[PDB]
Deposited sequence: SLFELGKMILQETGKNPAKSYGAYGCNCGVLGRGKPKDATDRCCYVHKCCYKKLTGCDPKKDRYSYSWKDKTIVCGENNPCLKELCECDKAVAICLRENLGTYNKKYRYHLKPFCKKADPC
């Protein structure tokens, strides 16, 4: 769910997930994927691409189990798509932390971006 995803971005970056990434660029947030503005936006771009190949569960409501070992996000086996769902959030949570130096506030708030290419 958004609880797990938010906890991941918070545990990775230490930042407010809804404040920093609730409406960042043209991929972080709602309304699908658009032409990314930076690397942080590219993370949410791949994140929603990671959601398209998800079948058997809704990424926004279905709660899953993960742990925090050795300062790493460790997904619980749970169910195949739920595991793939957990990996999508973990991937972008790691991705946003690794591009946190490229973060610019001018993109913190977003149909003005070009149509997204196929994943």
property: Missing segments of the deposited chain sequence, listed N- to C-terminal; result: 111-112
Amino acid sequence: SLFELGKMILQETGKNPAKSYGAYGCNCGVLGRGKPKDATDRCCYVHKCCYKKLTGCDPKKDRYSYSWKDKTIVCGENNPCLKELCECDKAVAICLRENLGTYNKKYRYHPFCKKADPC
From here on, numbers count along this sequence of modelled residues.
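Take the two forms, superpose them, and find the largest set of C-alpha atoms that agree within 1.5 Å; that set is the rigid core.
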{"property": "RMS Cα shift after core superposition in 6 other deposited structures of this protein, winner of 26-34 and 88-96", "result": "26-34"}
{"property": "Mean C-alpha temperature factor, higher of 41-49 and 72-80", "result": "72-80"}
{"property": "Stretch exceeding the other in mean C-alpha B-factor - 63-71, 26-34", "result": "26-34"}
{"property": "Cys119 - Cα temperature factor, lowest/middle/highest third of chain", "result": "middle"}
{"property": "Third of chain Cα B-factors occupied by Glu87", "result": "middle"}
{"property": "Third assignment of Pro111 from its chain's C-alpha B-factors", "result": "highest"}
{"property": "Third of the chain, ranked by Cα B-factor, where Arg97 sits", "result": "lowest"}
